[PDB]
Amino acid sequence: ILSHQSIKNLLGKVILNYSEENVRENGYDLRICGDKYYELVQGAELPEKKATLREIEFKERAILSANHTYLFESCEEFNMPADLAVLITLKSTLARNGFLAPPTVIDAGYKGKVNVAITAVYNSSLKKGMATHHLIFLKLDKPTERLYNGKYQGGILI
Amino acid sequence: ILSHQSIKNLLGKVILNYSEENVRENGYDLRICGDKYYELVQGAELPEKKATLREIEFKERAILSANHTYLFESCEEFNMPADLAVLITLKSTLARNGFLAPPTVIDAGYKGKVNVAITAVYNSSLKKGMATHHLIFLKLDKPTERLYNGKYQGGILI
Amino acid sequence: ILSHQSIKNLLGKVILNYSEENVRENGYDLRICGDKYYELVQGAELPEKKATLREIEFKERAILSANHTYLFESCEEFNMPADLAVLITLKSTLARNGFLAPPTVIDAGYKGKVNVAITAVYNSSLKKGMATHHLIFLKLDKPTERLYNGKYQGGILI
Ligand SMILES: O=c1ccn([C@H]2C[C@H](O)[C@@H](COP(=O)(O)OP(=O)(O)O)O2)c(=O)[nH]1
Ligand SMILES: O=c1ccn([C@H]2C[C@H](O)[C@@H](COP(=O)(O)OP(=O)(O)O)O2)c(=O)[nH]1
Ligand SMILES: O=c1ccn([C@H]2C[C@H](O)[C@@H](COP(=O)(O)OP(=O)(O)O)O2)c(=O)[nH]1
Ligand SMILES: [Mg+2]
Ligand SMILES: [Mg+2]
Ligand SMILES: [Mg+2]
């Protein structure tokens, strides 16, 4: 895992549209932004049918309904090198305040902002621009021979 | 963390019943399979009373109801060495499509397929054999003096 | 990540109010304890308004209602060094029995017990003193120049 100082050196290179204060003890606090956020309104039938989304204008705050999953675009944009990966964890502030998120990863070679899924256990809200996730940077044992080039490259929503 | 090439070398040794294409940038995509899958129908009273399960024939697709947790057996079988551990994360495809899963770990010394719990936020479905989780391989600072030999050894469901 | 033997050495130094038996293959099993546990009863409006909590006496067992998040104080107290961090994962026993928890982290420099959020998918219960989470210890590439000193220092609930 990369320390605070090691992450600080990633600013402006691996982590774009960053905030200096968001570099913590041993991770980076990802913020939610974007012109819109999405509410899943109908279940998915994977892999052929994706969940149905409701597009919502992201003004100042995102209003969430209990038992619904929401997709948010990160403020930060990534340009992952061939020797780094990131484990996306949830900030304990969101965890202890009734929000759920599964652990997911940003792969080496990935480029673009990320889209994170937050599920609300209660009717609640999150302020646009606030920090929601805690990124843990993992170093690969060797530069990967397979960089990311999947369907989400560039920050594709879903 | 192990890279793509390092994981590829684990095929047929640490990862059995594998798919070469499922070795990604810095992890392996676990698939759900098995003759049956399970729906938790009654809550648990831990540790004395486990949740009550409903056994379902796993034909072609698993039908999930909102607000229910389901147990799936992995296609892959594991034979973990004393110097490796695995962090089970959820594929972002499942995350952004309304599925929840908590982070869990496969310990050094563990042998057998794993049983993963996926919770559906919406009425939905998953296709038998599809990739649902992203495995991150962690190296222990030193070979562990305590290999796994717990109650789930061999791939015990619950 | 740290092996069983390496974790065992942290006992009485980094991990206080511990249990020898809880040092596993490659992690430590955190226990829930404390005089009280909390039920989130009203959603949060982050960051200005935290969720509303209901304080419950923690006698022998915590009774959980489906679709509710609960905050539990850990038995263990931490004194994190400048070169270590901890990934909090959920024990698979809780995962396969209908409990959800997001991945969260204990930062280098953090002092005190931790407060973990468990969400019940079903009406259920957890016994006081039982192991619920699996702690994975991560070593920082370098001693962090920024130790924890946030609002939760000392084990602040929320
Ligand atoms: O919560 C997340 C996690 C990761 N990603 C990005 C970065 C990662 O490199 C890419 C992975 O896309 P994929 O491998 O093609 O699909 P999956 O994550 O399901 O394996 O998606 C996100 O946008 N949000
Ligand atoms: O989602 C998971 C995670 C891990 N395991 C297996 C591998 C791991 O080594 C073992 C651990 O079982 P345990 O230590 O006996 O109980 P717990 O995971 O609750 O600590 O269970 C699973 O089958 N499913
Ligand atoms: O489930 C958790 C995770 C961590 N912590 C503690 C240890 C960690 O070092 C501190 C971090 O608090 P913060 O950085 O101030 O807020 P956040 O976790 O939301 O970024 O909280 C807990 O009590 N419970
Ligand atoms: Mg994980
Ligand atoms: Mg996790
Ligand atoms: Mg986790």
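Every chain is numbered from 1, with letters handed out A, B, ... down the list of sequences. Hydrogens, waters and symmetry mates play no part in the numbers below; they use all other heavy atoms, side chains included.
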Counting only heavy atoms not in [X], do more than 12 sit closer than 6.0 Å to its [atom1] atom?
{"X": "A:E60", "atom1": "CD", "value": "no"}
{"X": "A:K111", "atom1": "NZ", "value": "no"}
{"X": "C:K36", "atom1": "NZ", "value": "yes"}
{"X": "A:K139", "atom1": "NZ", "value": "no"}
{"X": "A:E21", "atom1": "CD", "value": "no"}

Within a strict 4.5 Å, meaning less than it, do heavy atoms of the [X] and [Y] side chains meet?
{"X": "B:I15", "Y": "B:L135", "value": "no"}
{"X": "B:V121", "Y": "B:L100", "value": "yes"}
{"X": "A:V14", "Y": "A:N79", "value": "no"}
{"X": "B:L10", "Y": "B:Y18", "value": "no"}
{"X": "A:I63", "Y": "A:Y37", "value": "yes"}
{"X": "A:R146", "Y": "B:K8", "value": "no"}
{"X": "B:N26", "Y": "B:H4", "value": "no"}
{"X": "C:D29", "Y": "C:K91", "value": "yes"}

Please test B:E76 against B:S74 for side-chain hydrogen bond (donor to acceptor under 3.5 Å, both in side chains), starting from the C-alpha separation and ending with a verdict. CA-CA 5 Å; B:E76 292 72 23; B:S74 64; 5.1 Å; no
Can we say A:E45 and B:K127 salt-bridge, meaning some charged N sits less than 4.0 Å from an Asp/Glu carboxylate O? no
Which heavy atom of [X] sits nearest to which heavy atom of [Y], and what is that distance?
{"X": "C:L46", "Y": "C:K49", "value": "CD1-O, 3.5 Å"}
{"X": "A:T69", "Y": "B:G98", "value": "OG1-CA, 4.0 Å"}
{"X": "A:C33", "Y": "A:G129", "value": "SG-CA, 4.2 Å"}
{"X": "C:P103", "Y": "A:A101", "value": "CD-O, 3.4 Å"}
{"X": "C:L94", "Y": "C:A131", "value": "CD1-O, 3.9 Å"}
{"X": "C:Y148", "Y": "C:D107", "value": "CD1-OD2, 3.9 Å"}

To the nearest 0.5 Å, what is the distance between CD (A:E48) and NZ (A:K50)?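 One finds 12.5 Å between CD of A:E48 and NZ of A:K50.
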To the nearest 0.5 Å, how far apart are OH in A:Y28 and CD1 in A:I136? 15.5 Å
Scan side-chain atoms only and decide if C:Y110 and A:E25 contain a donor-acceptor pair under the 3.5 Å cut-off. no
Test item: side-chain donor near acceptor, C:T104 and A:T89, under 3.5 Å: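 Side chains of C:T104 and A:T89: no pair found under 3.5 Å.
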Could you give me the CA-CA distance, side-chain angles and deciding distance for A:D141 and B:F137, then say whether side-chain contact (heavy atoms from CB on, under 4.5 Å) is met? CA-CA 10 Å; A:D141 72 313; B:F137 294 83; over 6 Å; no
Measure from the ring center of C:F58 to the ring center of C:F72 and say whether it is less than 6.0 Å. yes
Looking at B:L138, B:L84, B:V86, which hits side-chain contact (heavy atoms from CB on, under 4.5 Å) with B:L2?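 For B:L2, the side-chain contact (heavy atoms from CB on, under 4.5 Å) check succeeds only for B:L84.
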